[PDB]
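Following: one structure in structure tokens, then a few remarks.
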Amino acid sequence: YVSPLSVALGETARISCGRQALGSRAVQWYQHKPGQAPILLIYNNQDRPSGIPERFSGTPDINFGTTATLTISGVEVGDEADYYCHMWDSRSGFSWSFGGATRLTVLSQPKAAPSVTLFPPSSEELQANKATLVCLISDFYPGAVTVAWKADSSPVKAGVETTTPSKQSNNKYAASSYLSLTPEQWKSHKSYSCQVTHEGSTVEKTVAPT
Amino acid sequence: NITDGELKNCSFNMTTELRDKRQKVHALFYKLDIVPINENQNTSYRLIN
Amino acid sequence: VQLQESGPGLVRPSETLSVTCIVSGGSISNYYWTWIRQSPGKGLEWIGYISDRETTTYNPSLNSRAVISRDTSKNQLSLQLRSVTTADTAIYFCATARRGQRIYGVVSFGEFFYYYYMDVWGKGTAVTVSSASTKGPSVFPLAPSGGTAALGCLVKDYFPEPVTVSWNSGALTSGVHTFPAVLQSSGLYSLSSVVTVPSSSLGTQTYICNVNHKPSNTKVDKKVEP
Amino acid sequence: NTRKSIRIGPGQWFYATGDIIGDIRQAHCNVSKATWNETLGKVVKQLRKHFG
Ligand SMILES: *[C@@H]1O[C@H](CO)[C@@H](O[C@@H]2O[C@H](CO)[C@@H](O[C@@H]3O[C@H](CO[C@H]4O[C@H](CO[C@H]5O[C@H](CO)[C@@H](O)[C@H](O)[C@@H]5O)[C@@H](O)[C@H](O[C@H]5O[C@H](CO)[C@@H](O)[C@H](O)[C@@H]5O)[C@@H]4O)[C@@H](O)[C@H](O)[C@@H]3O)[C@H](O)[C@H]2NC(C)=O)[C@H](O)[C@H]1NC(C)=O
Ligand SMILES: *[C@@H]1O[C@H](CO)[C@@H](O)[C@H](O)[C@H]1NC(C)=O
Ligand SMILES: *[C@@H]1O[C@H](CO)[C@@H](O)[C@H](O)[C@H]1NC(C)=O
Ligand SMILES: *[C@@H]1O[C@H](CO)[C@@H](O)[C@H](O)[C@H]1NC(C)=O
Ligand SMILES: *[C@@H]1O[C@H](CO)[C@@H](O)[C@H](O)[C@H]1NC(C)=O
């Protein structure tokens with residue numbers, strides 16, 4: 001259902017509706033950010049409610065053979081979301097489908113360096129016969145990040161749980177790495193290290209039992 | 001796809017440029033120029049004339 | 001107007017589903033109310049809508065499994081999806097529907113059609129369909145150099161999502177970052193929420209992480225200290 | 001309307017109705033009510049010359 005759309009930082013972007021109207025139409029447009037509520041961009045082909053900046057526009061229905069198109073001009077990193085096209089024409093009837101989504105991706109964003117923070121297993125966790133190392137990566141772009149764990153000088157392969165990259169409220173991606181161990185394996189090695197790799201750069205923090 | 005028409009869609013088998021060859025074509029007709037063939041009733045029709 | 005949903009969170013398949021939507025900012029017997037959902041890996045699926053005459057109209061793709069009703073005694077909107085399976089795991093939104101009349105000719109000839117557009121939405125509620133029971137997380141304080149230090153709480157092993165993490169109610173607002181959860185191989189979720197705290201404030205100011213795992217439901221208070 | 005020409009014989013071309021492009025709207029005629037009522041009144045004045 002996802003329609004990939006590659007655009008740059010604030011260029012001219014044309015979002016064409018997947019369905020073409022068979023007659024007089026009344027197109028609705030919705031902006032949906034992952035994890036948020038849908039936002040009504042354009043209703044009745046071209047009208048927009050208050051609160052919508054003068055960036056989103058629709059194509060009017062003047063009987064011309066013009067396809068419905070969502071006209072977003074000058075996208076920011078805050079417009080990177082999915083877009084649905086709700087088509088209503090006199091010939092299709094009651095349309096229950098919002099159709100496929102056009103997932104907008106904004107490129108040309110300045111490269112950001114990941115801020116890594118590593119935490120050792122808590123003391124209340126050791127007494128519960130558990131041990132987990134939490135490695136928090138955030139404030140980086142693009143989302144391509146490779147996280148690796150190493151015990152002393154040997155790379156750990158099992159027990160690593162890593163999340164998928166996802167942007168946050170600052171329009172930058174954030175990830176998390178969880179290395180679950182045992183109280184006897186945590187105190188076995190002298191030191192552990194969370195090593196991440198972003199855009200070829202390699203940064204790393206280190207914890208040790210104390 | 002309208003719920004609750006003056007024209008019907010009528011598909012039929014028609015003769016071609018060749019005699020042995022027959023084609024199936026679709027054409028729109030008005031309800032006033034077409035009456036049902038069975039009134040029993042199905043959805044089979046014929047021309048009024 | 002304002003809308004907010006409340007849901008049990010997780011129920012076993014092949015029984016009965018019931019969610020509620022509390023309206024705010026207008027009359028409930030005054031508008032057309034609809035429900036929208038969105039499953040992981042799927043788009044927005046329209047469920048149905050109810051009129052001001054308390055007449056309903058459901059999406060035929062749900063196979064008549066949905067029922068919407070109004071309750072003016074409490075100004076609440078209700079949706080029941082009845083017997084569902086794992087494919088109905090979605091985020092259910094309640095919204096306001098305005099009916100527009102698109103005219104393209106003579107009114108007497110019915111040369112017009114109605115269309116519904118949703119202008120006001122709610123934040124949605126997370127619903128998961130599994131055969132296991134809920135599990136409460138046992139969180140642990142992550143004890144805390146550039147002038148600031150890292151201060152977080154390790155919300156470990158819970159099911160299902162989500163978890164709302166607050167710090168000192170309204171006192172700590174920035175920089176408080178709650179990282180997204182991780183789906184472990186055992187089917188348990190875990191997240192972490194760190195706060196950037198100056199070094200001089202440690203030992204003088206107190207900090208607590210309010211963990212809200214409403215679908216479980218759980219609450220673990222932890223006073224993080226170095 | 002659109003013209004859908006389908007050959008039904010050597011040189012015989014039957015022109016049928018193709019799919020209507022746009023909206024389905026039945027035909028109608030508009031007559032000014034102010035003019036028709038006025039004209040109709042001028043008629044009944046001459047009808048009363050033959051019916052009382
Ligand atoms: C024989 O006579 C017939 C009967 O008069 C005639 O049939 C008429 O045909 C015309 C042309 O096809 C149709 O007009 C059509 O109207 C639609 C709808 O647009 C209309 O919108 C408003 C009403 O909506 C308002 O309220 C809602 C909320 O309820 C708002 O959301 C909305 O935004 C509006 O605010 C209506 O007032 C408009 O009329 C004004 O504006 C126009 C544009 O400026 C002016 O030209 C007009 O004089 C007036 O100031 C507007 O009509 C439109 O989308 C279509 O494009 C089309 O224009 C008539 O509906 C239809 N019936 C009647 C009763 O008029 C036949 O055409 C005529 N001839 C034949 C051969 O049959
Ligand atoms: C199809 O057209 C006939 C002709 O009048 C009508 O009676 C019938 O209701 C139409 N079909 C449906 C499903 O309405
Ligand atoms: C056309 O011929 C085929 C084969 O005999 C038959 O199945 C079909 O019903 C015919 N169609 C019409 C409209 O007569
Ligand atoms: C018919 O169309 C003409 C176009 O010039 C217009 O002047 C006239 O008022 C119309 N009359 C009616 C009855 O629609
Ligand atoms: C016709 O004209 C007469 C005279 O003014 C008036 O009383 C009557 O109401 C009119 N009727 C219509 C249908 O316009």
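Every read-out reported here was derived from the displayed coordinates using simple, explicitly stated rules and does not represent laboratory data. FYI the Cβ positions are ideal-geometry reconstructions off the backbone, even for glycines, and counts take in every protein chain you see.
Quick one: check the C-alpha center-to-center distance for region A:45-64 versus region C:154-220, whole angstrom.
41
Looking at region A:1-108, what % of its DSSP beta bridges pair antiparallel, to the nearest 5?
So the antiparallel bridges in region A:1-108 amount to around 75 percent.
Would you mind computing, in nm to one decimal, how far apart the modelled labels at residue B:26 and residue C:30 are, each placed 7 Å from Cα along Cα→Cβ?
4.8
Just to confirm my numbers, what's the Cα centroid distance between region C:3-61 and region A:178-196 in Å?
Spelled out, the Cα-based centre of one part sits 47 Å from the other.
Give the cross-link partners of residue A:187 among the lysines, using a straight C-alpha distance below 17 Å as the criterion and excluding same-chain residues fewer than 8 apart.
Counting by Cα, and skipping residues close in sequence, residue A:187 has these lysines nearby: A:130, A:150.
Which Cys residues of the protein assembly as shown have no other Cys beta carbon under 4.7 Å away?
Lone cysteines by the Cβ rule: B:10, D:29.
So which residue, out of A:18, A:35, A:65, gets the largest mean-square fluctuation from a GNM of chain A using Cα contacts under 10 Å as springs?
For chain A, modelled as a Gaussian network with Cα springs under 10 Å, the answer is A:35.
Among residues other than residue A:167 whose Cβ falls under 11 Å from its Cβ, what is the net charge (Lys/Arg +1, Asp/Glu -1)?
My count for the surroundings of residue A:167 gives 0.
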